[PDB]
C-alpha cells in the first residue's frame, strides 16, 4: 500500500482480518457423508474479491470509532460473512448446467463439475440458509439483527437478486432493450451491492435516514456499473485472469452484446465518472466514509 491516513489504514487492515476470519471459519458436520463437510464451504474459500464484505466494512469502519468497533469485531465479521455466503450461493446456482453451465469459478472447478449436480444444488441451498444462521448468531442488539435480516432477505430474494436471475434466464434468447437490460442488471447485481452498503449503516447502530437513502441509491447506480464492467470482463479477459468460465458471447443478454464493445466501454466510462462524482457529495458531511469507498472503488475501477 501507499501513504494512507490512519482511518484508511484501519479499514485496509480490517478487510485483511475479515479474510483471516473467513479462512478460519470451520463448520463441523458429523455424518457418514464422505465430502459434504468440505464441499459446503469450499466455494467461499476458493477465492473472490470480497467486494460486498468490503462495501459493508467501508461503511462500518468509517461510522463507528475504532475502540467501539474492537469489542464487536467478530460479530461484524459474521454479518460480513453472511453477505458473502449468500453471494457465493448465487454463484453456485448460477453456474449450474441448467443455468449458465460453467466449469470454473474463482480459479477452481465448480461444485457440479467436481462432485455432481445434486451436490451443487444442495450446497447452494445450504449457503442460502446459512447466511441467515450467521446473521442471527451475530451478537449485536436484537433489533439490529432483525433489521439486517430484513435487508439481506428482501434484496437477495424474489424482489431483488432472484428477479434479476429469472429475467436473465427467461429472456436468454429474446434481445432486450437498454432499459430492460438495465432493470435486469439492477436486480441481478445492484440489489445485493446496495444491501451491503445499508447493512453497514444498520450494523453501526447509528440512526441516519438521510445517509441510508443515499447509500441505497448509490449502491443501485454503482452496482449497475459493476455489472457493466463484468459484462466487459467476459470479452476482455481470459479464464486465468477472470478465474471463471468465459460464456459463449451472443447466446445471452449483456451490455457488450447490446451495444458492442466500443459503445459499452463508453457507457461504462461515463457511468464510472458519475459514480465517483456522486461520491464527492459525501466529502463535506461524511469524509471518513468517502475515503473508504473512494479507495475501494479506485481499486475496482483500475482493473
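Positions refer to the first chain, counted from 1.
**Q** Regarding 152-160 and 165-173, which shows the higher C-alpha temperature factor on average in the entry?
**A** It is 165-173.
**Q** Which is higher on mean Cα B factor in this entry, 260-268 or 235-243?
**A** Mean C-alpha B-factor is greater for 235-243.
**Q** Based on what the PDB entry reports, which of 44, 39, 57, 29 has the top C-alpha B-factor?
**A** Highest C-alpha B-factor among the listed options: 29.
**Q** Please pick out which of 182, 196, 72, 142 has the largest Cα B-factor as recorded in the entry.
**A** That would be 72, according to the entry.
**Q** Splitting the chain's C-alpha B-factors into thirds, which one does residue 112 fall into?
**A** For residue 112, whose C-alpha B-factor we compare with every modelled residue in the chain, the answer is the middle third.
**Q** Using the B-factors in the PDB entry, rank residue 123's C-alpha atom against the chain and give the third, lowest, middle or highest.
**A** Ranked within chain, residue 123 CA B lands in the lowest tercile.
**Q** Taking the C-alpha B-factors as the PDB entry records them, is residue 279 in the lowest, middle or highest third of its chain?
**A** Middle third.
**Q** Can you work out whether the C-alpha temperature factor of residue 207 puts it in the lowest, middle or highest third of the chain?
**A** Tercile = highest for this residue's CA B-factor.
**Q** If you rank every modelled residue in this chain by C-alpha B factor, which third holds residue 293: lowest, middle or highest?
**A** Lowest third - that is where residue 293 ends up once the chain's C-alpha B-factors are sorted.
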